[PDB]
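Consider the single chain below, provided in C-alpha cells and representing the form deposited in one PDB entry.
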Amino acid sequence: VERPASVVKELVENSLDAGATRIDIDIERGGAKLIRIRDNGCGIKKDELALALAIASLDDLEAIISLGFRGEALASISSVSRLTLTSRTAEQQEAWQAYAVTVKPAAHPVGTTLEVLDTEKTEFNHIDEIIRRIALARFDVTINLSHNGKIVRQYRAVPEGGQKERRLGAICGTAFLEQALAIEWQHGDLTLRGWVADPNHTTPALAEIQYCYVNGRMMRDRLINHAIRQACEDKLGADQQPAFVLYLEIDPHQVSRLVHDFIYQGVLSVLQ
C-alpha cells in the first residue's frame, strides 16, 4: 500500500471480492486528500467494524477477524490516514460507522463506504489506469471514477450477452473500438475472446492498448505477445506492436507450446 493508486486497487478489489456490482469511487487531489469507495457488495457486522480498524484482543473476539481478509488490509491502511469505515450488512440489521475507535450507528444502504484523507495529478492517472484494468477484467460491474467532484469516467456494467462495444469504447476510446476485430476462439479448455485492432490501421497510439487476461488475472507473457505479433506480421509483413484486449481461458496450468498456436490461430483467423 505504497502509492494512492495501489490503495485504490486494494479497496476496489476488496469491494469486488465482497460481491460488488457497482463501485462508485471518488478521488480528490490525486487521492492524497480524499479517496472514497462505495460498493453495493456484502457488508460488515457492527462488531467486525471495530477491530477492522484496530493479538490479545482477538482472544475474546474468538476468530471473528477470520471474516475479514480485507479487514487485515484495512488495518494497514487506517494506520496511514483518516479512515472512516461505514457499512451495513444484508441480514436483519441497521447501518453502522467506525472512526479514527468509535463505532456508532448511521445511515447507509446495504453496502460499504470508506473515506481516506492521508506527482500530484500523476497519481490520479495511475488510479485511472488501475481502474481501467479492473474495468476490463470485470465487464459485469459498473464503476464510476471521479475527481474533485468532476465525473471522469463511467464504466456501466454489461448484462448477459449484451453490448460489450459500449463499455469497451468507454475504457479504450473509439479509436480502438473502431479498429476492434472481435474474436471468439475455443478448443476444449482453451478459450480466447476479446479484440484485436486491424494491424493495417494500428497507430503507435493504439498499440498502447495491450491488455491480456489469463482466467481473469491480467497477465503479461512475452509468449502470448509474440503469438499475437507473429499473427499480424504474417497477415502483412508489418512488424510492429499490435493493439488488443484479449481474454485467455485454460484449465489450471501455471506457466504450453500448443497454447501459442491456439492463440496465433485464433488471431490470424480473425484477420483473414
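In case it trips you up, residue 1 is the first one in the sequence shown, and so on. We call the rigid core the largest set of C-alpha positions that still match within 1.5 Å between the two forms.
The form deposited in another entry exists for this protein as well; it is not shown, and the discussion that follows is about that form.
Annotation for residue 132: C-alpha shift under 2 angstroms between the shown form and the other one, rigid core superposed. Core-superposed comparison between the shown form and the other one: the CA of residue 75 exceeds or equals a 2 Å shift. Positional change of residue 145 between the shown form and the other one stays under 2 Å at the C-alpha, relative to the superposed core.
Whereas the shown form places them at one spacing, the Cα atoms of residue 70 and residue 143 lie at least 3 Å farther apart in the other form. In comparison with the shown form, the Cα-Cα distance of residue 70 and residue 145 increases by at least 3 angstroms in the other form.
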